[PDB]
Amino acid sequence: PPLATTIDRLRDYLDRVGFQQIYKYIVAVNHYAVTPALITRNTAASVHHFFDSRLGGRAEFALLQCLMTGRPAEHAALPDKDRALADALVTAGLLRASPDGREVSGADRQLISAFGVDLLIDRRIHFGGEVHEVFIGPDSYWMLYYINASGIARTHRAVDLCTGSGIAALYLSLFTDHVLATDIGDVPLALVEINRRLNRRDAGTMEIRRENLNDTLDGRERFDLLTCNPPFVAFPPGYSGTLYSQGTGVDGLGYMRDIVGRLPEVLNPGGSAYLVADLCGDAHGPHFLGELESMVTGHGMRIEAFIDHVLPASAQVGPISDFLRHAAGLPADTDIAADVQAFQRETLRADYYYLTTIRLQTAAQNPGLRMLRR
């Protein structure tokens, strides 16, 4: 109950000072829907300069910067209404106080706006040097980009599987009054609870459920609209990843297979699913799309694949190895890169990675697979 009141007061503050408009102005309309990695350790100094020089350092924006970049604000310099909120946020662990109590600064949550929603995310993904516990990324944004929002009815039943911060569920909640959001991690489940309240939603229009993906998929509930950005990264045998990163199956795509295979049953006829994954492939395209011809022929589906980023597998060796080394606390003499290269070649057959959003529709009047590449 005190946390809920604190989040209500945070929403009041964000409304009072026009947070979403400020964020939107800073990042601009040609970046707002590209990626959440806009305000980061590398751009924070320029954000601070904007507040200082273009917004005049006004005290009403001091608490906002604590939330947005982690910048310290002197406690006595906060406006009276903001000061009590700051204290409540410190009590909730959503901001820090300095040891002498004379200032407030960032904790592990960063405030952004995405797709018209206000969102706390894990600050560690864009700042600092400790591994994050809640994922968000450009792939999250691109799977939402392709949803045709004008086709969503207020009565449509929607589900966001593997919800994380809640971003896709909260986006869907802009249009339909029936959204289910699922996860199994303690940390993302607590965060989507906060973000639901931060956007004036509650259990009356969006249910948050602790439930395994495959349990929701086997269930009897039927949906008109489904979104899922599942764990999809394949790591070599013997390496531990994280809950949000490591996909199941030999090639990391087991959860994608699980979802697609149940779509004819879990979607109402004519319903649509939107998935996103970084898919291994050869020069012609992602391997996974070949598995989907069985859903065109077997179920009369229309399947559209939007390839928005292409990288050679060699360009992912470092990022994968860095992530594995950081996540498990491994030392610097381990030849992780060779293990990743061998796995890409022998198991994944990955010459390239294709960041792909996939729309799948049942009972299609124009069934077929369509792959869009630039």
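When you see a residue number, it is the position in the sequence shown, counting from 1.
**Student:** Quick check: 320-328 versus 59-67, which has the larger average CA B-factor in the record?
**Tutor:** According to the PDB entry, the answer is 320-328.
**Student:** Take the C-alpha B-factors listed in the entry for 272-280 and for 74-82, compute each mean, and give the stretch with the larger one.
**Tutor:** Of 74-82 and 272-280, the stretch with the higher C-alpha B-factor average is 74-82.
**Student:** Just to confirm, going by the entry's C-alpha B-factors, which of 249, 188, 137, 231 comes out highest?
**Tutor:** Answer for 249, 188, 137, 231: 249, with the highest C-alpha B-factor.
**Student:** Return the residue from 175, 145, 127, 255 that has the highest Cα B-factor in the entry.
**Tutor:** Result of the comparison over 175, 145, 127, 255: 127.
**Student:** For the chain shown, is the CA B-factor of residue 362 in the lowest, middle or highest third of its modelled residues?
**Tutor:** Residue 362: CA B-factor falls in the middle third of its chain.
**Student:** Taking the values exactly as deposited, rank residue 207 by C-alpha B-factor within its chain and report the matching third: lowest, middle or highest.
**Tutor:** For residue 207, the deposited C-alpha B-factor lands in the lowest third.
**Student:** If you rank every modelled residue in this chain by C-alpha B factor, which third holds residue 300: lowest, middle or highest?
**Tutor:** Its C-alpha B-factor, which the entry lists for residue 300, ranks in the lowest third among residues of this chain.
**Student:** Which third, lowest, middle or highest, does the C-alpha temperature factor of residue 222 belong to within its own chain?
**Tutor:** Residue 222: CA B-factor falls in the highest third of its chain.
**Student:** Can you tell me whether residue 114 has a C-alpha B-factor in the lowest, middle or highest third compared with the other modelled residues of the same chain?
**Tutor:** It falls in the top third of the chain.
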